[PDB]
Structure formats: C-alpha cells, structure tokens
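Atom set for the values below is all heavy atoms of this structure, side chains included, hydrogens, waters and symmetry mates excluded. A note on names: the letters A, B, ... follow the listed sequences, proteins ahead of strands, and every chain is numbered from 1.
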Amino acid sequence: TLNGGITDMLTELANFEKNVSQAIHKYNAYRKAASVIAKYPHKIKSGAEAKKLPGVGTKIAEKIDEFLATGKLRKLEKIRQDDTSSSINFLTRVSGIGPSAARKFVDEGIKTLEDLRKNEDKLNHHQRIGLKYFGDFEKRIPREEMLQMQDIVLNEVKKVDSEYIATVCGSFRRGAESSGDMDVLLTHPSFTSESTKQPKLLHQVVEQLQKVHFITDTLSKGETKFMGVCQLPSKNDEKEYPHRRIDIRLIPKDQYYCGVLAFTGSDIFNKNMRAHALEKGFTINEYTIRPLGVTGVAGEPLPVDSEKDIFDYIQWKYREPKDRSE
DNA sequence: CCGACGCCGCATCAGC
DNA sequence: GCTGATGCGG
DNA sequence: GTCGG
Ligand SMILES: Nc1ccn([C@@H]2O[C@H](COP(=O)(O)OP(=O)(O)OP(=O)(O)O)[C@@H](O)[C@H]2O)c(=O)n1
Ligand SMILES: Nc1ccn([C@@H]2O[C@H](COP(=O)(O)OP(=O)(O)OP(=O)(O)O)[C@@H](O)[C@H]2O)c(=O)n1
Ligand SMILES: [Cl-]
Ligand SMILES: [Cl-]
Ligand SMILES: [Cl-]
Ligand SMILES: [Mn+2]
Ligand SMILES: [Mn+2]
Ligand SMILES: [Mn+2]
Ligand SMILES: [Mn+2]
Ligand SMILES: [Mn+2]
Ligand SMILES: [Mn+2]
Ligand code: NA
Ligand code: NA
C-alpha cells in the first residue's frame with residue numbers, strides 16, 4: 001500500500017457516486033482506477049505519473065495532484081460535511097439497504113442506526129437481518145477461522161451426500177489472510193447443464209447446516225443461490241465468534257470451471273476479464289464462454305476443461321487465483 | 001466527440 | 001397467479 | 001470518469 005492514501009480517496013469517491021449520486025459507471029471508473037493504482041509498484045509522486053495507468057484520466061489526475069499536495073481533497077471534505085450524503089452513505093452500510101432505500105429512509109427522517117432499530121417494521125427481511133448483525137458484518141474473518149468454517153461446510157455436505165463437492169472461493173481462494181465473508185461453490189452430479197435429476201439440492205444442504213446450527217439466518221434463498229448468516233461454535237466459557245455472512249451457489253457440475261473462475265473473482269478482475277473477452281469476441285459468464293456473432297449475439301458454448309482454457313480463448317496468460325485480487 | 005462500460009440470482013413491485 | 005422492471009448484492 | 005475508434 002504505497003499509495004494507500006490515494007486509493008482510499010478514490011474508493012470514497014466511488015462510494016459517493018454509487019450511494020448518493022446513483023451513478024454506477026462513475027462508481028466503477030473510480031474502483032477501476034483505485035484497483036490499477038493499487039497494484040502499481042511505485043509510490044506515485046504525481047498525477048501525470050498516475051495518468052499513465054489505464055483507467056486513470058484527467059480528472060483523477062487532477063484529484064491526485066491535490067491530494068499529494070494537501071493530503072486531502074476538497075470535494076470529499078465537502079461531501080463528508082453534507083448531512084444528506086453522510087446519512088445516505090451510512091444507511092447503505094446495512095445489507096439490503098441500497099442507494100434507493102437509503103435516500104427513501106433519509107427522506108422519512110430515518111437516518112441513524114438508532115432510527116433504524118426503532119423502525120424495524122419499515123424494513124424488509126434482508127434489511128432486518130443486515131441491521132441485526134450490522135456490527136458483526138463489519139468485522140473481517142481471519143484465515144484460521146475460514147479454515148475452521150471450511151471444514152464444517154465440507155464435512156456437513158458429505159453428510160448429506162458424498163457426491164457433493166463444495167469449494168470455497170472468493171477472497172479465500174485468492175489466498176487472502178482475511179476475508180469479509182465466506183463464498184461456497186457447490187456441485188452435485190445430479191445437476192448438470194443438461195438435466196435437473198434432483199430437487200431441493202441446495203435446500204438439503206442449507207437444512208443440514210442449520211440443523212448443526214452453523215447457518216443462523218437467511219437473507220435470500222432460491223434453487224441455486226443462498227445468501228445468509230453463519231457462525232462457528234464457541235468453546236466452554238469462550239465468547240462467541242462474530243456472526244458471518246455466507247453465500248452458497250449451486251452450479252451445473254459440468255460447468256465447474258466457469259463457475260469457480262466466476263466466484264473466485266475478484267469482482268473487478270471479472271469486470272476486466274469479461275470486458276477483454278468482449279474485446280476478443282467472446283462472452284463469459286459463470287456457466288459458459290461463448291463466441292459473439294457478427295451481430296453481437298452469443299453463439300454456442302465452447303469446450304472448457306480447466307480455468308486456463310478460458311484464459312486461452314481471450315489470449316491472456318493464465319493468472320493464479322492469488323494474482324486476481326483486483 | 002460517442003457509445004459502451006460484466007453478467008446474473010433472488011425479492012419486491014406494478015400492472016394485467 | 002404471471003411477466004417485466006427495478007433494487008440489491010454476488 | 002475513461003477509453004477506443
Ligand atoms: N465444486 C467442485 C469442485 C471440483 N469439481 C471437480 O473436481 C475436479 C478437480 O478437482 P479439484 O482439485 O478439487 O478442483 P480443480 O481446481 O478443478 O483441480 P483441477 O484443475 O486439477 O481439475 C474437476 O475436474 C471438477 O470436475 C467439481 O465437480 N465440483
Ligand atoms: N460485483 C460482483 C461481486 C462479486 N462477484 C464474485 O463473487 C465473489 C464473492 O463476492 P465478495 O464476497 O463480495 O468478494 P470477495 O472477493 O470474496 O471479498 P471479501 O474478502 O470481502 O469477501 C467475488 O470474488 C467475485 O468472484 C462478482 O462476480 N461481481
Ligand atoms: Cl454512471
Ligand atoms: Cl480527503
Ligand atoms: Cl450461458
Ligand atoms: Mn464483503
Ligand atoms: Mn467473499
Ligand atoms: Mn460473499
Ligand atoms: Mn452476533
Ligand atoms: Mn469499453
Ligand atoms: Mn482516448
Ligand atoms: Na490513463
Ligand atoms: Na447495503
């Protein structure tokens with residue numbers, strides 16, 4: 001983090017553009033700039049120097065020059081002082097409360113943690129659980145705890161059916177020493193691109209994890225995606241572990257490689273990789289990589305037998321999970 | 001300048 | 001109830 | 001906000 005100060009500034013800027021301005025493309029531009037700057041191996045000495053990076057344009061170049069000179073950015077100092085922006089930014093920190101709901105709540109005079117608690121009845125289920133575990137969800141997860149959580153998920157899954165394969169992805173697969181949450185990829189041979197030979201495949205698994213009191217709440221749940229809350233068991237007299245966010249994603253077993261690539265990320269890595277794919281004439285999702293027709297219409301799925309095979313198609317050298325944290 | 005900017009699951013809403 | 005749009009977050 | 005074209 002040679003440029004930690006600059007990247008923090010951009011990140012705050014992006015957050016403003018998303019939560020207050022509701023400008024998703026500006027949100028993404030800042031995040032892209034923050035990401036590129038973040039892997040740049042020199043302490044940036046000037047805006048001109050940063051503007052050599054792809055993603056960093058004239059405005060960000062100017063903002064960087066101001067930051068390096070003063071240590072601050074007037075634009076931000078102002079935003080920080082605007083109550084509406086401050087409140088909207090805060091409220092969006094609760095899971096399930098987005099920029100729209102945040103601006104709505106602040107219109108009603110609901111604008112603090114306390115207002116939220118006193119108005120649970122105005123929250124949907126997701127928002128209610130996000131607020132319940134607000135403080136908890138702020139905390140990160142040491143890798144040691146992720147290893148613990150991994151053993152529990154992987155072993156309980158075999159208790160439901162030994163044909164199941166659960167793979168922890170997200171930041172954990174990228175080798176991060178701590179994760180904001182746990183992301184699990186699930187396959188079962190009875191669920192492929194070609195048929196759904198069994199129902200409840202995800203339910204079965206969610207239930208068992210609840211049965212053993214690992215999963216504690218649910219944010220949302222469908223036939224292939226579960227979003228909820230979990231917690232490690234604590235020892236005698238031991239204070240309890242923080243409640244943690246968990247997402248489980250059941251994908252067609254034949255499409256594992258696109259799946260694991262997709263849920264491994266990072267989110268920005270994906271955005272960069274899929275756009276380059278578009279530049280190279282393919283579309284990549286969590287299921288498939290397909291060619292674009294002269295019209296811009298996805299063709300048929302190409303044969304994939306490894307994550308590397310996906311990289312090949314778009315003419316990128318393979319990058320280990322650890323080198324995908326953009 | 002201009003159009004594009006990754007791609008998708010689930011929850012909720014409106015409208016029929 | 002269904003279908004499409006919008007929110008939200010992955 | 002940035003970029004290829
Ligand atoms: N959630 C998972 C994880 C693994 N696989 C299967 O397990 C094999 C590979 O085993 P593993 O080392 O655990 O996964 P990979 O990272 O894909 O290893 P490799 O690249 O050597 O196949 C893959 O062919 C895939 O079919 C699966 O079906 N579902
Ligand atoms: N906008 C997004 C967000 C998420 N992801 C995928 O979902 C995974 C998990 O999402 P998230 O948990 O939010 O990201 P992590 O990289 O795991 O970060 P953290 O350490 O905070 O959990 C990401 O790695 C990425 O593969 C994505 O495709 N696009
Ligand atoms: Cl935008
Ligand atoms: Cl600042
Ligand atoms: Cl597809
Ligand atoms: Mn997170
Ligand atoms: Mn994660
Ligand atoms: Mn996650
Ligand atoms: Mn708790
Ligand atoms: Mn582009
Ligand atoms: Mn240009
Ligand atoms: Na640039
Ligand atoms: Na939120």
### Task
May I ask you to verify if any side-chain N or O of A/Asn285 is less than 4.0 angstrom from the OP1 or OP2 atom of B/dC8?
yes

### Query
A/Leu292 CG to B/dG6 P: how many Å, rounded?
14 Å

### Query
NZ of A/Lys225 versus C1' of B/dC10: gap in Å, rounded?
6 Å

### Task
Could you tell me which residues satisfy side-chain hydrogen bond (donor to acceptor under 3.5 Å, both in side chains) with A/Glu49, sequence neighbours excluded, listed by chain and number?
A/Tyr40

### Query
Is it true that the side chains of A/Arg174 and A/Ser325 contain a donor and an acceptor less than 3.5 Å apart?
yes

### Query
Is there a donor-acceptor contact under 3.5 Å linking the side chains of A/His126 and A/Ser220?
no

### Message
If the threshold is 4.0 Å, N to carboxylate O, is there a salt bridge linking A/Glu120 and A/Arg128?
### Response
yes

### Query
Will you find, in the side chains of A/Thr288 and A/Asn285, an N or O donor that is under 3.5 Å from an N or O acceptor?
yes

### A/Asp267 CG - B/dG9 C1' separation (whole Å)
17 Å

### ILVMFWY clustering at 4.5 Å (side-chain atoms), partners of A/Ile24
A/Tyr27

### Query
Where does the angle between the aromatic ring planes of A/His243 and A/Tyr133 fall among parallel (under 30°), tilted (30 to 60°) and perpendicular (over 60°)?
tilted

### Message
Taking only side-chain N and O atoms of A/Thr283, does any of them lie within less than 4.0 angstrom of OP1 or OP2 on B/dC7?
### Response
yes

### Task
Specify the separation, in whole Å, of atom CE of A/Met227 and atom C1' of B/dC8.
13 Å

### Task
Check whether the side chains of A/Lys197 and A/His188 place a donor and an acceptor atom closer than 3.5 Å, and report yes or no.
no

### Query
For DNA chain D, which residues in residues 13-27 of chain A have a heavy atom at a distance below 4.0 Å?
A/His25, A/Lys26

### Task
Just call it for A/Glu223: base, sugar-phosphate, or nothing, with non-hydrogen atoms closer than 4.0 Å on any strand.
sugar-phosphate

### Under 4.5 Å side-chain linkage, directly or through intermediates, the cluster mates of A/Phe282
A/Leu185, A/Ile251, A/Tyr256, A/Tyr257, A/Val260, A/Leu261, A/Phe269, A/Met273, A/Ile284, A/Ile289, A/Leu302, A/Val304, A/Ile310, A/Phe311, A/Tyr313, A/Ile314, A/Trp316, A/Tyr318

### Rounded distance (Å) that lies between atom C1' of B/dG9 and atom CG of A/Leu185
14 Å

### Task
Decide whether A/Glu66 and A/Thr70 meet the rule of one side-chain donor and one side-chain acceptor closer than 3.5 Å.
no

### Query
Listed in order of residue number, which residues of residues 298-322 of chain A have a non-hydrogen atom at under 4.0 Å from DNA chain D?
none

### Query
Is A/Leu53 touching bases, backbone alone, or none of the nucleic acid, heavy atoms closer than 4.0 Å?
sugar-phosphate

### Remaining members of hydrophobic cluster (4.5 Å side-chain criterion), A/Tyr287
none

### Query
Taking 5' to 3' order, which nucleotide of DNA chain D is first and which is last to have an atom within less than 4.0 Å of a heavy atom in chain A?
D/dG1 to D/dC3

#### Entry: Selection: residues 99-136 of chain A, any non-hydrogen atom under 4.0 Å of DNA chain D
none

### Query
Around atom CZ of A/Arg319, are there more than 12 heavy atoms of other residues, nucleotides or ligands at under 6.0 Å?
yes

### Query
What integer distance in Å separates A/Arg290:CZ from B/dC8:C1'?
12 Å

### Between B/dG6 (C1') and A/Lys271 (NZ): distance, integer Å
6 Å

#### Entry: Counterpart residues, side-chain contact (heavy atoms from CB on, under 4.5 Å), relative to A/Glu238 (two or more places apart)
A/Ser234, A/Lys235

### Query
From the list B/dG9, B/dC7, C/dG9, which nucleotide is the closest neighbour of the side chain of A/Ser95?
C/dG9

### Query
Would you say the side chains of A/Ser306 and A/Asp309 form a donor-acceptor pair under 3.5 Å?
yes

### Message
Rounded to whole Å, please give me the gap between NE2 in A/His203 and P in B/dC10.
### Response
14 Å

### Message
Under the rule for side-chain contact (heavy atoms from CB on, under 4.5 Å), what residues qualify as partners of A/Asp65, not counting sequence neighbours?
### Response
A/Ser46

### Query
With a 4.0 Å cut-off on heavy atoms, is A/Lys221 in touch with a base, just the backbone sugar-phosphate, or nothing at all?
sugar-phosphate

### Query
Which part of the nucleic acid, if any, lies within contact of A/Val94, taking any heavy atom under 4.0 Å across all strands shown: a base, the sugar-phosphate backbone alone, or nothing?
sugar-phosphate

### Query
Heavy-atom contacts under 4.0 Å between residues 54-73 of chain A and DNA chain D, which residues?
A/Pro54, A/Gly55, A/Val56, A/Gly57, A/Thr58, A/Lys59, A/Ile60

### Task
Go through the structure and list residues passing side-chain contact (heavy atoms from CB on, under 4.5 Å) with A/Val160, not counting sequence neighbours.
A/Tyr164, A/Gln204, A/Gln208

### Task
Pick out which of A/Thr264, A/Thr167, A/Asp183 makes a side-chain hydrogen bond (donor to acceptor under 3.5 Å, both in side chains) with A/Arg173.
A/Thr264

